[PDB]
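Positions of Cβ are backbone-derived with ideal geometry, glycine not excepted, and every protein chain shown enters the neighbour counts. No value in this document is a laboratory result; all are computed from the given coordinates.
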Amino acid sequence: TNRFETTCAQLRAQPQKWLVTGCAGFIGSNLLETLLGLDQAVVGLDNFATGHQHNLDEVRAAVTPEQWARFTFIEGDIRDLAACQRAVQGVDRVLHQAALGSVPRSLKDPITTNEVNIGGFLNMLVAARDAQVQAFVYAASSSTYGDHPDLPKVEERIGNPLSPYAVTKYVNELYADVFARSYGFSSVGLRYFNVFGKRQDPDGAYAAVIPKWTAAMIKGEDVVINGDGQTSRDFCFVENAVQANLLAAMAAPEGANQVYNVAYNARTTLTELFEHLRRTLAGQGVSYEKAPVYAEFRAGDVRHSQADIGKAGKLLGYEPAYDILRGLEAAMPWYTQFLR
Amino acid sequence: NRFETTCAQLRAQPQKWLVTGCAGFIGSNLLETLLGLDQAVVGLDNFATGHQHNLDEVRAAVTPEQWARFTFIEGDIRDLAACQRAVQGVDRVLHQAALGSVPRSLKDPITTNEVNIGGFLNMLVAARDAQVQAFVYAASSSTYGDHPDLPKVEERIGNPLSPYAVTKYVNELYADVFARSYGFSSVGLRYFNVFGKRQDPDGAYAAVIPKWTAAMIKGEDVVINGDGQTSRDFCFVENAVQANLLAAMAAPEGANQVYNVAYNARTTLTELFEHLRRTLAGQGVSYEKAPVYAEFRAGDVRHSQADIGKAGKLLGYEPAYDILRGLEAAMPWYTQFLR
Ligand SMILES: NC(=O)c1ccc[n+]([C@@H]2O[C@H](COP(=O)([O-])OP(=O)(O)OC[C@H]3O[C@@H](n4cnc5c(N)ncnc54)[C@H](O)[C@@H]3O)[C@@H](O)[C@H]2O)c1
Ligand SMILES: NC(=O)c1ccc[n+]([C@@H]2O[C@H](COP(=O)([O-])OP(=O)(O)OC[C@H]3O[C@@H](n4cnc5c(N)ncnc54)[C@H](O)[C@@H]3O)[C@@H](O)[C@H]2O)c1
Ligand SMILES: CC(=O)N[C@H]1[C@@H](OP(=O)(O)OP(=O)(O)OC[C@H]2O[C@@H](n3ccc(=O)[nH]c3=O)[C@H](O)[C@@H]2O)O[C@H](CO)[C@H](O)[C@@H]1O
Ligand SMILES: CC(=O)N[C@H]1[C@@H](OP(=O)(O)OP(=O)(O)OC[C@H]2O[C@@H](n3ccc(=O)[nH]c3=O)[C@H](O)[C@@H]2O)O[C@H](CO)[C@H](O)[C@@H]1O
Ligand SMILES: [Cl-]
Ligand SMILES: [Cl-]
Ligand SMILES: [Cl-]
């Protein structure tokens, strides 16, 4: 058995009480479903800024009534410290996902992104420290590599942030390290690489590339590739991220106070991604006969991203089970049902 | 000297300035210098750590004609509407409003983060929208963190060691990001242990020089946190004043830069105690007690010395005050202030 299988059996036999912030969002709601499916007690915190009530309802429909009875939901804002303290009380493990993604969003409104991602994160870090939680895993970002060119991306070699959003996610790591130094508070940051899967919002001005193209192709609208299309990414199926969160939360002190890449260590260009979506969608009775529209590059885009996940494998036992193709096969049916 | 050229140019061609934290230590010294150059100045301060008596002292030092060119706004940089009001019609911004004291940030990281990152970002956006000609902001030598190399060069830094150091580093990160994304240039000044008149001695978080000076004037005990070999590059406030004005009037080939502002010198804590006792003795103030050596203070860097070559080449920074000359000029303020 891999470490994830052992961890799931240990949690089921020895339940912890968890907190998932951003539980009404994409990654948060996937963590919530998995944890409740392991018979855990879970507290949730979300203000519905970008998450949806219907994500919570889907989790409710998927878990048993016994498991849903162990879920306490708090509609609240992490910018409000009283909300964070209320959410973390009596909690053993914190999985912090609440934030405002979308580098483009941060460029339009840097102030709001700073308030939520830095101010809100700091409120959660202080609340967890005071409540003496056993683990604090927070969502970091692959944007922390910035303009550093080296590929694959290794955790100890980073570059200059290139957007206000990248600043906030880098600062989460800086405050987490400082809290370890000054107060002895341990934490794990997970630098996600382009996570995708069910319940990633396809609507909105700031939708990710996979959900955005999927909705357009289902609707037969134009799909635009920003650049020449060879821009590559390490798309990470959400189930891989779920595995990383639970392993990080249950890790020993060697695996704590660390930052880990969370990806598949693979390369997929934007042209290849379009082809993958076209074939997977064809398996769901979805025709898309139009070609991609190649347009100008998007300001601030790194051209190539691939992650070295050796650190997560060695220290956490991280063995992702889904490549991009298997994740797309599982995720595409969610979008056909949701967008029908 | 570049600084003399700058002051003459300002006198003939007055600009409108904004100084946030104008009621504080460095801010009030900048205010006195700018008004002494016949500049129009806007001020923004919430009196969180500054004092009205610093503003009144500035008024007593400048002519009534110069003081008439000063508009003061009691306001908070955490309130974006206040920043927008403050930067209106302004050509040069000298942003000093913040919460210093590494010790304060360890006790209350949230408030320090709110002012130093959130407040700084409010000022940076407001200045960007108002299209100011210059934006010079106070950075800190704490950004070097645990980096061992001495002297400190701008391109070599280490990991922050306190919540306060995080906030000052984030100021540089946002300034660099704003240059990339919006084309807004700015200058960060990494101060090294600035001292001089109107640095508050009456505080739980008072800097070492004002605290030891007040204790020695009053005949109280003086405590050294550690072995006394801890060294610093103490920078007289007038050197920092010169750096702000040179940075504010620099061309773009001197903007979007971060500069060390210090003297390139070493002074241990025991030597500093010797200097304070000697300077006060020159003003008829006796202090015959020995220093009390205690444990180290959490998270304090042991040695800090700055390479100021970058500021000299790009800004013409020629600091005029070493530590001893600055102490001689500043001590009379403290004897007068306490009495
Ligand atoms: N591919 C990715 O989506 C990706 C990549 C890198 C990092 N991340 C990080 O992972 C985390 C989750 O991202 P996601 O893709 O699930 O985004 P999402 O928008 O789907 O979910 C974020 C959730 O946080 C909530 N939230 C936002 N501000 C809040 C506030 N002030 N108080 C309380 N709740 C608040 C939203 O309502 C939403 O439910 C974020 O921290 C994000 O930066 C995601
Ligand atoms: N040795 C030093 O003095 C030193 C060293 C490195 C950096 N700095 C930086 O220099 C700047 C000035 O520091 P100082 O030594 O004069 O400290 P100070 O406390 O004397 O001055 C700061 C001023 O800012 C004001 N202020 C604080 N929060 C505010 C807010 N939210 N809105 C408006 N005004 C606010 C205070 O009232 C005060 O007048 C700070 O940014 C500090 O970090 C100082
Ligand atoms: C640094 C980072 O992780 N930023 C966010 C973003 O990462 P990214 O900006 O890496 O994700 P994205 O899907 O916005 O962009 C990925 C790639 O697809 C390209 N592209 C996108 C849209 C489109 O219509 N056509 C096209 O070609 C885009 O230019 C880039 O090359 O993705 C998610 C949704 O934004 C999350 O919010 C992430 O936190
Ligand atoms: C300069 C720097 O890198 N960081 C910040 C910090 O400087 P510092 O923390 O260096 O300022 P400070 O003068 O309080 O500390 C300098 C040294 O003096 C020691 N000490 C202090 C007090 C005392 O009673 N006895 C004693 O021995 C202290 O332990 C340290 O070793 O504080 C400043 C506020 O003034 C600013 O916020 C600076 O940005
Ligand atoms: Cl709020
Ligand atoms: Cl105070
Ligand atoms: Cl903030």
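Observations on the structure shown:
- Using θ = phi - 60° in the Karplus curve 6.51 cos²θ - 1.76 cosθ + 1.60, the 3J(HN,Hα) couplings for the stretch A:317-323 round to x, 6, 10, x, 9, 10, 7 Hz; x is entered for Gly and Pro.
- Overall dimensions of the stretch A:22-145, expressed as equivalent-ellipsoid semi-axes from the Cα gyration tensor (√(5λ), whole Å, largest first), are 24, 18, 12.
- Among B:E65, A:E5, a tally of other beta-carbon atoms within 10 Å of each Cβ gives an order, fewest to most, of B:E65, A:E5.
- Length-normalised contact order of chain A in % [C-alpha pairs under 8 Å, at least 6 apart]: 17
- Annotation for the stretch B:183-204 versus the stretch B:246-316: alpha-carbon center distance of 11 Å.
- Dividing the summed -39500 (n - 2.57) terms of all DSSP H runs of n ≥ 4 by the residue count of the protein assembly as shown sets its mean residue ellipticity at 222 nm at -12500 deg cm²/dmol.
- Cα-based convex hull volume of chain A per residue, rounded to whole Å³: 125
- Here the mean projected area of the convex hull built on the C-alpha positions of the stretch B:266-305 is 3.6 nm².
- Using equal-weight Cα scatterers in the Debye expression, the normalised intensity of the stretch B:78-208 in log10 at q = 0.10, 0.17 Å⁻¹ is -0.34, -0.96.
- As a calculated quantity, the FRET efficiency between A:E272 and B:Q133 at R0 = 51 Å, using C-beta atoms, amounts to about 0.60.
- Among the trypsin sites (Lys or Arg not before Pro) in the stretch A:87-164, those located in a DSSP loop and surrounded by at most 16 other Cβ atoms within 10 Å of their own Cβ are A:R157.
- Here A:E58, B:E271 are placed in order of increasing Cβ neighbour count within 10 Å, fewest first, which gives B:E271, A:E58.
- Dipole magnitude of the protein assembly as shown, debye to nearest 20 (Cβ charges: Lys/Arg +1, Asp/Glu -1, about Cα centre): 60
- To the nearest ten degrees, helix A:209-219 and the longest principal axis of the Cα atoms of chain A are 50 degrees apart.
- Here the Kirkwood formula puts the hydrodynamic radius of the protein assembly as shown at 27.1 Å, using every distinct Cα pair.
- Dipole of the stretch B:57-149, positive direction: furthest Cα of B:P103, B:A82, B:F120, with charges on the beta-carbon: B:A82
- Restricting the stretch A:63-166 to GluC sites (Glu not before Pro) that sit in a DSSP loop and have at most 12 other Cβ atoms within 10 Å of their own Cβ leaves A:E156.
- Proxy reagent accessibility, fewest Cβ within 10 Å first, across B:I110, A:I324: B:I110, A:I324
- From the alpha carbon centroid of the stretch B:90-112 to that of the stretch A:21-99 is 34 Å.
- Computed log₁₀ I(q)/I(0) - Debye formula, equal Cα scatterers, no solvent, the stretch B:249-337, q 0.10, 0.18, 0.20, 0.21 Å⁻¹: -0.41, -0.97, -1.05, -1.09
- Using only side-chain charges placed at the Cβ, +1 for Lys and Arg and -1 for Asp and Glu, the dipole size of chain A relative to its Cα centre rounds to 180 debye.
- DSSP loop chymotrypsin sites (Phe, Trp or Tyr not before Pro) with at most 13 other Cβ within 10 Å excluded, longest remaining stretch of chain A: A:49-296
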